[PDB]
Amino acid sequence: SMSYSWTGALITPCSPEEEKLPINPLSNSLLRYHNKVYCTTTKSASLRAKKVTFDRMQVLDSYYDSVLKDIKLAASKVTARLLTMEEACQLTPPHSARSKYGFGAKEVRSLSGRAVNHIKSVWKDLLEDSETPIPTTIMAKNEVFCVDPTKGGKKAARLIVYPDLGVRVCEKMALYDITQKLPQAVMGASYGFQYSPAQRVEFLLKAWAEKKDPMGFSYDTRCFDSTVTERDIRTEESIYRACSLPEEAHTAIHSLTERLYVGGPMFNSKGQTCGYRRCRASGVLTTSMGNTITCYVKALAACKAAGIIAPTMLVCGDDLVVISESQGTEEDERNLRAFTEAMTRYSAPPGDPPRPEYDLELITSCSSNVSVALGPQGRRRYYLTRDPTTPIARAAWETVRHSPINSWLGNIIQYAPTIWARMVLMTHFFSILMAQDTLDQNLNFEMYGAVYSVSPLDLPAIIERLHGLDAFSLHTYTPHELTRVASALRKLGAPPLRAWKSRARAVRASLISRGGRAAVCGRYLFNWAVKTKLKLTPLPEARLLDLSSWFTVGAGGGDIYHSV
């Protein structure tokens, strides 16, 4: 069947859209070539719709069947419960899209009578009606990128397909607890969204080390959500429901599956019928968990069919990395082709074909890779990093255009040990926060697509807990890494690293002069900027942080919120 059908009605914006980065001295101090930075808008929505609309064929074999059997068996070991109204409401991001039924995220979080009463009626309706398709809205995401000189043109907007706020809260009640337990039970250490960056690093290094002769590859499915079939989605349901659950959860999950997850009508922001979906909904609670489980089953079966030897997989939704025992360079290329052929039969054909890789630094999982640097005592330290182009371009946008999501803060947290997050992002944003006098204000950001809230004044403690003390002291990064960072700065017309060090001395001094938590930030975050280094010691606040499952609770992304 076709992933989508369309009426001809346009995808429409909900608020005024801006395509270009403003010319502004503040953003200009981060990067000068403003014309290279763009934001996707509804203008490119029809192009994406064409891209994500195609026919799916799916043929399953004995390899697939066997994997699925193991997974349902693993799933049966899970016991999960419904979330209460209060628990599901508290998971709602403060700026989650408002309901058409006279309330918004604020009313949900505060448990207002109108919101709670509506949500109860939506739940009851799910239990009583397991058939009527539930309406969704389709929107074009507004996201910022830099032009790519090797891709030719600008990216088309991604599309998001989501149900009313009332339904989103019900999704949490029915399935949130499952997102916290099922992926781990089914694929164990292969579930990527349970890991902090330092933990992902540890996993990759260990998978690499355990092979006598490691070969790695990433598999890029062309538009994964669109490749997900109605049968895949019902299989997901059977996996969810293999868990031990109360009857009421079974009913709600079955109903959500038939009325929402397997498909349904799409409306534009003007309320016009826009099309009909028959693939994965991109904006539901189960998008990431569903993708992760379905990618895993198909990929694991594909490894077996293809003769991939001793596969170790890292799965993060549709993002897949496979590390295995090389069979020789010619054999590896043959086996990868076979893998692709099997994934294709299972209805997950490739975008760019996979390529055998024999150097871990060059393997990307979720756009990130493991690199190596030296700690304060000359010890080798591994850390996660990525090309900084998109982070810096978004940072520049965020400095001059209000956004409820501060990607710069999420990048500093996830990529704290990197030379680019330290020298560029920390330097730039601490200077801005001091000028605004808003150092202490909590800010929302995303990690793995879920929403979090922290104060920048708590960064040293958070960074130490997540990444260790050495994150404040790495030096002697690799030529690959330094070359990539310097290239990105040059491309964006940003000041080079040496100029950031000059700026950071003054930012550091300013932070220290304020005493308190600000001075802690100055001493810890910017110890790299001064010749005479302070000896940094463990922060008492770091051990007091509840972060052990900080990533797990985001469920791989969605309409999910947590505060620190």
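Don't overthink the numbering: it's just position in the shown sequence, from 1.
Colleague: With reference to the PDB entry, specify whether the mean Cα temperature factor is higher for 389-397 or for 328-336.
Modeller: So the stretch with the higher mean C-alpha B-factor is 328-336.
Colleague: Tell me which stretch has the larger mean Cα B-factor in this entry, 429-437 or 337-345.
Modeller: In the deposited entry, the stretch with the higher C-alpha B-factor mean is 337-345.
Colleague: Taking the values straight from the PDB record, which of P460, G152, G263, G166 has the highest C-alpha temperature factor?
Modeller: When the deposited C-alpha B-factors of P460, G152, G263, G166 are compared, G152 is largest.
Colleague: Whose CA atom has the top B-factor in the entry, of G410, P183, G113, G216?
Modeller: By C-alpha B-factor in the record, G113 ranks first.
Colleague: Of the three thirds of its chain by CA temperature factor, lowest, middle or highest, which one includes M187?
Modeller: Its C-alpha B-factor belongs to the highest third of this chain's values.
Colleague: Ranking every modelled residue in this chain by its Cα temperature factor as given in the entry, which third contains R278?
Modeller: Answer is middle: the recorded C-alpha B-factor places it there.
Colleague: Lowest, middle or highest third: where is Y63 by Cα B-factor in its chain?
Modeller: Highest third.
Colleague: Compare the C-alpha B factor of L362 with those of the other modelled residues in its chain, then answer lowest, middle or highest third.
Modeller: As the PDB entry reports it, the C-alpha B-factor of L362 lands in the middle third of its chain.
Colleague: Compare the C-alpha B factor of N444 with those of the other modelled residues in its chain, then answer lowest, middle or highest third.
Modeller: Bottom third by C-alpha B-factor.
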